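Accompanying notes for the structure given below.
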Amino acid sequence: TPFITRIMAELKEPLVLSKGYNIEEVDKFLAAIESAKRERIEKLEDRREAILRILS
Amino acid sequence: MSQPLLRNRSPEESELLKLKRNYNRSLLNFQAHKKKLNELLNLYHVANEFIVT
Amino acid sequence: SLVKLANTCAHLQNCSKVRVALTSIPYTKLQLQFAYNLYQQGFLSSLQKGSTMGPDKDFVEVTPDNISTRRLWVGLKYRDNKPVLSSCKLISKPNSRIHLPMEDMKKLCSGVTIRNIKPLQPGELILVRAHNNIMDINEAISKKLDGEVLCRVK
Amino acid sequence: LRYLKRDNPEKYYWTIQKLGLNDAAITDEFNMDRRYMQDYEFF
Amino acid sequence: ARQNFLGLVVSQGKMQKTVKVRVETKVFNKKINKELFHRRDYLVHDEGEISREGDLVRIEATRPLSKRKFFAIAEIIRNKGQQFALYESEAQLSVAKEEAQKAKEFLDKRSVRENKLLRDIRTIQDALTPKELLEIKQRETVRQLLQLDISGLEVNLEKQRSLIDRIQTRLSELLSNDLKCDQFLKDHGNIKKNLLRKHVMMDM
Amino acid sequence: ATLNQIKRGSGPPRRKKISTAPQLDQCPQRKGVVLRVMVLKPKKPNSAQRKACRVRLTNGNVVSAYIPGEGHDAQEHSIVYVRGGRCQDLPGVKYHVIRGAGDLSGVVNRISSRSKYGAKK
RNA sequence: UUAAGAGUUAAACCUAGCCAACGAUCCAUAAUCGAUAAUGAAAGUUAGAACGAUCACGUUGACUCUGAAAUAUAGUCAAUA
RNA sequence: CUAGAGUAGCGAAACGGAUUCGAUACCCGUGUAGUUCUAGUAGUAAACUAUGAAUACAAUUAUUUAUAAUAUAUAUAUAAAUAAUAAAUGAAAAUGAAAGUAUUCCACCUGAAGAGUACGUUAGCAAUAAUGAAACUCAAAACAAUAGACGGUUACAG
Ligand SMILES: [Mg+2]
Ligand SMILES: [Mg+2]
Ligand SMILES: [Mg+2]
Ligand SMILES: [Mg+2]
Ligand SMILES: [Mg+2]
Ligand SMILES: [Mg+2]
Ligand SMILES: [Mg+2]
Ligand SMILES: [Mg+2]
Ligand SMILES: [Mg+2]
Ligand SMILES: [Mg+2]
Ligand SMILES: [Mg+2]
Ligand SMILES: [Mg+2]
Ligand SMILES: [Mg+2]
Ligand SMILES: [Mg+2]
Ligand SMILES: [Mg+2]
Ligand SMILES: [Mg+2]
Ligand SMILES: [Mg+2]
Ligand SMILES: [Mg+2]
Ligand SMILES: [Mg+2]
Ligand SMILES: [Mg+2]
Ligand SMILES: [Mg+2]
Ligand SMILES: [Mg+2]
């Protein structure tokens, strides 16, 4: 049946985050944190990767 | 005994009630989202100390 | 709803056994008509609209916003160390509804057992439902109106 | 779903069509018994 | 007149021109002193084969038509059986349409992820260009690019709260001083309370 | 107990009076032939030598019948008439023979209750 | 075919139905009923001898004629005596 | 119970030692099956609260138990459970928020014995499980409580 299959496939997609998070929002939020910190690079990449792994 | 047992809710009262209920739902969702982003930020601070490599 | 009326009858008996002066019943048209018939017949001291918390001091208008929290508050009468409303029972039960014509109602009021219903007693009130109006059995006989024999109260 | 059929038949049929079930699957008595698990090869 | 009964079609399409109609009648059971419903199933003739299972139909007495058929459908009182077949047929196409549509949407979203941050923000902030500015263009500005959805939600929420609170305050004020409410009732054209609330709610 | 259970057949058991003389086939009495005359011992506390006889009735059933009265002249192949009524202290004997009917004579020198013992005035 | 409907009976073609745990099918038992009789406070229960109503049969089975109406207490054939 | 593994302890049966008038028993020793695991069959227990499920209602107290407060203190409110009860019910024992007041639906009962037996049927590899008679006999049979008697029954005194 198409509905069950599409729902399960969307669950199995990469970069899918649990606890009601979205990857687009998460990336924009992290960039906003860094820009705000400036207004007041590999280490930030590692922080991002740790977050995405914990929220995967 | 003459009074009607129930008086129907007028369309204006219904509209105001729907406004308030939609607001309640939206506010709860927004507060969940705000605390969610806050917890994400508090993890983003301590993410320095997490080994990934 | 005969189930709710049966619940009210049993609740009235329970409240008379412990001698509470004021109690509440569900707020419905049938419940209000039944309580009004009891009040006019002298079985209740007072009948008020109110909430789940108590009778209303001033008029409170009933709407869908507060319909679930409405109650009807009834005052019970006692005299000479005896409750005025001792027994209150259904005749027409939910699983056996008894609809009588006017002639059988007269027979019942005259001492004849009709459909296993014991006849009317000297100080008893039998209520009848006709066209969604509760009313005294003798009144239904006077108006020549067939109906559902609903409950006894003594 | 039986309530939905009694209430809104159009939405009922659309719903059971979209969920992968037919009307028989809804209206018929279904004890999820050993015979079902054999006929439909659940395991 | 002829015997007439009202019943539910409980079995159709299994016999040619014959349906099964379930009828109920009021009887008195003296053994239990109760008015009961006595149920029966009739084989009923259906010329035109118009009835379906679940229809409420009136059956009428006729001449004997077979060994067991003595009644015919005289009228379709309620036609839920035909409606069920209509919706059965319609849902087949209705569902499949959006089933294909949303599968297309899923595949497009997958491709968008396939052809797919902090580096872009670093380039935009530091260069403020070495052939990278237009390359970014193909994908005051640092902020608007970093625009979360929660902010719009908060703006809409404050708008909603303000609307509700203002409506209630205005309503209470008008109901308090009852001269200006009359002024407004003749300006805009116990029922007066509902009409006043209508006018105040359209007011904002 | 519920109304639907009473509709389905629940109710007081019938006060059905079972026949105490099934071998007569709802007849006031039956003719029979005595197969033998027996002398049985009653149950305790009663003590006596009770006069009885096996009798085959015209309907074929063989029963044990008490012989009432002080003295009897029943003997094998005698024709007797058998009515209901058990002998309480003899288990298995559920019938009485009629004195003064058939080949069984009425009680000799009976004064009281003559009709119960086949005696003429 | 019938005055006349109907798998009622006969013939042909189809469809795959129909009844049934609220009791089918099968088996046993029984003529049925009342403003009739019995009983009981009554609901009811019992009987169905008498009075009346209806059915079925006239030693057993099938068929036929006549007839508006008969498998007739008729006729034919068979069985029993 | 059927297969396949496992089997240290326990332990039907069996074999012995005691005890006894006798031992076929209690006790002691070896100890098979079983108890264990895997895949099944079977669907019975005092499978018990000897108390079917749901709903509405009825006077108290004390404990906890879990939330919600308010500033350890409010001997804090609102729920559930437990314990002792009022009323009510009940043959009583007693139940006590049900064994009360009511309503709805289902299951079941109609003296003891024969008998949960026989026969039949269905299911199961079997053991069996389910369904479930009648004749015969009797004026019995049972429950709660009462007062004794008795106990290889307790404690206290003299
Ligand atoms: Mg036809
Ligand atoms: Mg004598
Ligand atoms: Mg034809
Ligand atoms: Mg044919
Ligand atoms: Mg049968
Ligand atoms: Mg006969
Ligand atoms: Mg009869
Ligand atoms: Mg007669
Ligand atoms: Mg005669
Ligand atoms: Mg004849
Ligand atoms: Mg003769
Ligand atoms: Mg003949
Ligand atoms: Mg093995
Ligand atoms: Mg072992
Ligand atoms: Mg051992
Ligand atoms: Mg012993
Ligand atoms: Mg041993
Ligand atoms: Mg199993
Ligand atoms: Mg057993
Ligand atoms: Mg059992
Ligand atoms: Mg009891
Ligand atoms: Mg057995």
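Just so it is clear: chains get the letters A, B, ... in the order the sequence lines come, proteins before strands, and each one is counted from 1. Just so you know, these numbers use all the heavy atoms, side chains as well, and skip hydrogens, waters and symmetry mates.
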For nucleotides 101-104 of chain H, tabulate all protein N/O to nucleotide N/O atom pairs closer than 3.5 Å, reporting atom names and distance.
from    : atom 1 : to       : atom 2 : distance (Å)
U101(H) : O3'    : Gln13(C) : NE2    : 3.2
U101(H) : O2'    : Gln13(C) : NE2    : 3.3
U101(H) : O2'    : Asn14(C) : OD1    : 3.2
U101(H) : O2     : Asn14(C) : ND2    : 3.2
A102(H) : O5'    : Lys89(C) : NZ     : 2.8
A102(H) : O3'    : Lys89(C) : NZ     : 3.4
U104(H) : OP1    : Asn95(C) : N      : 3.0
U104(H) : OP1    : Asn95(C) : OD1    : 2.6
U104(H) : OP2    : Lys93(C) : NZ     : 3.1

With the criterion being N/O to N/O and under 3.5 Å, what pairs connect the protein with nucleotides 40-44 of chain G, and how long is each?
from   : atom 1 : to       : atom 2 : distance (Å)
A43(G) : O3'    : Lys30(E) : NZ     : 2.7
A43(G) : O2'    : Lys30(E) : NZ     : 3.1

Pairs: protein N or O with nucleotides 40-42 of chain H N or O, under 3.5 Å:
none

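Using a 30° and 60° split on the angle between ring planes, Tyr42(E) and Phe5(E) fall in the tilted class, from 30° to 60°. In this structure, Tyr36(C) and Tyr39(C) have parallel ring planes: the angle between them is below the 30° cut-off, well short of the 60° mark.
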* **Intermediate values then yes/no, side-chain contact (heavy atoms from CB on, under 4.5 Å), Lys17(E) and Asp46(E)** => CA-CA 5 Å; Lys17(E) 297 184 176 62; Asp46(E) 197 10; 5.6 Å; no
* Check step by step if salt bridge (charged side-chain N to carboxylate O under 4.0 Å, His left out) holds for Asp41(E) and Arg22(E). => CA-CA 4 Å; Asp41(E) 288 330; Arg22(E) 164 166 298 155; 3.3 Å; yes
* Verdict with reasoning, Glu53(E) to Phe84(E), per side-chain contact (heavy atoms from CB on, under 4.5 Å) -> CA-CA 9 Å; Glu53(E) 304 89 302; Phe84(E) 290 161; over 6 Å; no
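Taking syn as a glycosidic angle within 90° of 0, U103(H) does not qualify and is anti. Anti is the classification of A147(H), since its glycosidic angle lies more than 90° from 0. Here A21(G) is in the syn range [glycosidic angle within 90° of 0]. Taking syn as a glycosidic angle within 90° of 0, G90(H) does not qualify and is anti.
Within 4.0 Å (heavy atoms only), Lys16(F) reaches no atom of the nucleic acid at all. Within 4.0 Å of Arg86(F), counting heavy atoms only, lie sugar-phosphate atoms of the nucleic acid but no base atom. Backbone-only engagement by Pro91(F) is indicated by non-hydrogen atom pairs under 4.0 Å involving sugar-phosphate atoms exclusively. Base engagement by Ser10(F) is indicated by at least one non-hydrogen atom pair under 4.0 Å involving a base atom. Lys31(E) comes within contact range of no nucleotide atom at all, as no heavy-atom separation falls under 4.0 Å. Among the atoms of the strands shown, none is found under 4.0 Å from any heavy atom of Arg39(E). Using a 4.0 Å heavy-atom criterion, one finds that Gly9(F) contacts no nucleic acid atom at all.
A Watson-Crick or G-U wobble pair links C57(H) with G100(H), each of its two atom distances being under 3.5 Å. Taking 3.5 Å as the upper bound for both contacts, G116(H) does not pair with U103(H) in Watson-Crick or G-U wobble fashion. Taking 3.5 Å as the upper bound for both contacts, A23(H) does not pair with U35(H) in Watson-Crick or G-U wobble fashion. Geometry at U74(H) and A69(H) meets the Watson-Crick or G-U wobble definition, both required distances lying under 3.5 Å. Between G120(H) and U41(H) there is no Watson-Crick or G-U wobble pairing whose two distances both come in under 3.5 Å. With both hydrogen-bonding distances under 3.5 Å required, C37(H) and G114(H) do not qualify as a Watson-Crick or G-U wobble pair. If you check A88(H) against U95(H), you find a Watson-Crick or G-U wobble pair, both contacts below 3.5 Å. Geometry at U117(H) and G152(H) does not meet the Watson-Crick or G-U wobble definition with both required distances under 3.5 Å.
Between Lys20(E) and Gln12(E), the side chains place no donor N or O within less than 3.5 Å of an acceptor N or O (distance only, hydrogens not considered). A donor-acceptor pair shorter than 3.5 Å cannot be found between the side chains of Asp33(D) and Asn31(D). Side chains of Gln33(C) and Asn37(C): no donor on one and acceptor on the other come within 3.5 Å. In the model, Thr62(E) has no side-chain atom that pairs as donor or acceptor with a side-chain atom of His45(E) under 3.5 Å. Between the side chains of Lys69(E) and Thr18(E), at least one donor N or O sits under 3.5 Å from an acceptor N or O.
Rounding to whole angstrom units, CG of residue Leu72(C) and P of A56(H) are separated by 18 Å. Between the CD1 atom of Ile18(F) and the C1' atom of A112(H) there is a distance of 14 Å, given to the nearest Å.
Judged by distance alone, with hydrogens and angles left aside, the side-chain atoms of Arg70(C) form no donor-acceptor pair with the main-chain N or O of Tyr27(C) at under 3.5 Å.
Base pairing of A140(H): no nucleotide in any strand meets the Watson-Crick or G-U wobble criterion (both distances under 3.5 Å). Across all strands shown, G148(H) remains unpaired; no Watson-Crick or G-U wobble contact has both distances below 3.5 Å. Figure legend. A62(H) is base-paired to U82(H); pairs are counted as Watson-Crick or G-U wobble with both atom distances under 3.5 Å. Nucleotide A14(H) forms a Watson-Crick or G-U wobble pair with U30(H), both donor-acceptor distances falling under 3.5 Å.
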* Structure fact -> Per-nt protein contacts along nucleotides 5-10 of chain G (heavy atom under 4.0 Å; B base, S backbone sugar-phosphate only, - none) come out as BS-S--
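Nucleotides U36(G) and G52(G) are separated by 14 Å at their P atoms, to the nearest Å. For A157(H) and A141(H), the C1' atoms lie 47 Å apart once the distance is rounded to whole Å. Rounded to the nearest Å, the gap between the P atom of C1(H) and that of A83(H) is 43 Å.
Contact annotation: the side chain of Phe34(C) approaches that of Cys151(C) to within less than 4.5 Å [non-hydrogen atoms, C-beta and beyond]. Inter-residue side-chain proximity for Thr20(F) and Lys94(F) is flagged as unmet; no heavy-atom pair is nearer than 4.5 Å.
When the side-chain nitrogen and oxygen atoms of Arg8(F) are compared with OP1 and OP2 of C106(H), one or more of them lie within a distance under 4.0 Å. Considering only side-chain N and O atoms, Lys20(E) lies under 4.0 angstrom from the phosphate OP1 or OP2 of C19(G). A close approach under 4.0 Å does occur between a side-chain nitrogen or oxygen of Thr2(F) and OP1 or OP2 of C106(H). Under 4.0 angstrom from either OP1 or OP2 of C138(H) there lies at least one side-chain N or O belonging to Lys43(F).
The stretch residues 93-106 of chain C participates, sequence neighbours left out, in no side-chain hydrogen bond (donor to acceptor under 3.5 Å, both in side chains) pair at all.
With the nearest nucleotide of RNA chain G identified for both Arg14(F) and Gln16(E), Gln16(E) has the one nearer the 5' end.
Looking at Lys154(C) and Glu124(C), no side-chain N of the basic residue comes within less than 4.0 Å of a carboxylate O on the acidic one, giving no salt bridge.
Annotation: the span from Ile50(E) atom CD1 to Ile76(E) atom CD1 amounts to 4.0 Å, rounded to 0.5 Å.
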* To do: With pairs defined as Watson-Crick or G-U wobble and both distances under 3.5 angstrom, please note down RNA chain G as a dot-bracket string, | for pairing with another strand.
  => ..............................((((.((((....))))...))))....((((((.........))))))..
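When the nucleotides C18(G), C108(H), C138(H) are ranked by their closest atom to the side chain of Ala1(F), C108(H) comes out on top.
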